[PDB]
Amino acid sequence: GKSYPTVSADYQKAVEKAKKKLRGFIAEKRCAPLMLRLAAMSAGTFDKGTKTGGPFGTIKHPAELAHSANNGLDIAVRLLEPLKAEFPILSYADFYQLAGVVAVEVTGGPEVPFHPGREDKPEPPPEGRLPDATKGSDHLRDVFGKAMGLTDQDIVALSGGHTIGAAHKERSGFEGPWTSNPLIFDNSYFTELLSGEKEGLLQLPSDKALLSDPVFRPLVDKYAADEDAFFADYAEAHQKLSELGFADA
């Protein structure tokens, strides 16, 4: 149900050049997880009923923010600002979603389709829309399903975004990587989740909730057994997330 806007050839050229620059920058700076989180969090403020929030450039340097546990988003936007300045024609909204797409790609993840044309709108979303790491399956459905409009499949696949990166005690309070290879986009998140707690590795209560739900659990099993299937569902879910409220939502 999407109808993507037309952008100029010059806009399209800037998207391609920015995509390359983002690859090199993100790879060199080792900041893929931070960038994926920035993109996903920006997009995740969308509420379908009111059609407010979503990936529309509302988070930017200097952030903003406020918003806690969390923290780190401020660093991400500052890191990207010099690069963004090289592409004044691009909206911040597009730039940050493209960074998220690139973050998945340069860590070896699937190639998430990207369509340009998001407009930067004046007011940021209200707070309290982000998921709470201490809560469970009902809460996940409230946030990703009732508010964002994503499916149960999307919830499990997107949770696999935790396959890269780590929590920090000075940010959320949780601490450490979900995986033994936290710069490699793979299905290890699901394998580690299944095998229970392991020293050095993190599981949020929100991750564990996937294990006890009769719909989520079989997907966790599927993804743990089949990385190709995880990649396919992940790319579909990330694309939908990145396009919430855009070109029809």
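In case it trips you up, residue 1 is the first one in the sequence shown, and so on.
Trainee: When the Cα temperature factors in the entry are averaged, is it 61 to 69 or 24 to 32 that ends up higher?
Mentor: Going by the record's values, the stretch with the higher mean is 61 to 69.
Trainee: So, looking at the entry's B-factor column for Cα atoms, which has the higher mean, 112 to 120 or 140 to 148?
Mentor: Of 140 to 148 and 112 to 120, the stretch with the higher C-alpha B-factor average is 140 to 148.
Trainee: Just the C-alpha B-factor column, please: which of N187, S206, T45, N181 has the biggest number?
Mentor: Going by the entry's C-alpha B-factors, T45 comes out highest.
Trainee: Going by the entry, which of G165, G173, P82, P131 has the most elevated CA B factor?
Mentor: Largest recorded C-alpha B-factor: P131.
Trainee: Considering every modelled residue of the chain and its Cα B-factor in the PDB entry, is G160 in the lowest, middle or highest third?
Mentor: Within its chain, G160 is a lowest-third residue by C-alpha B-factor, going by the deposited values.
Trainee: Tell me, lowest, middle or highest third: where does the Cα B factor of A39 rank within its chain?
Mentor: It falls in the bottom third of the chain.
Trainee: Based on the entry's values, in what third of the chain does the Cα temperature factor of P125 lie: lowest, middle or highest?
Mentor: As the PDB entry reports it, the C-alpha B-factor of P125 lands in the highest third of its chain.
Trainee: So where's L244 on the chain's Cα temperature factor ranking, which third?
Mentor: As the PDB entry reports it, the C-alpha B-factor of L244 lands in the middle third of its chain.
Trainee: Pull the Cα B-factor of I75 out of the PDB entry and bin it into the chain's lowest, middle or highest third.
Mentor: As the PDB entry reports it, the C-alpha B-factor of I75 lands in the highest third of its chain.
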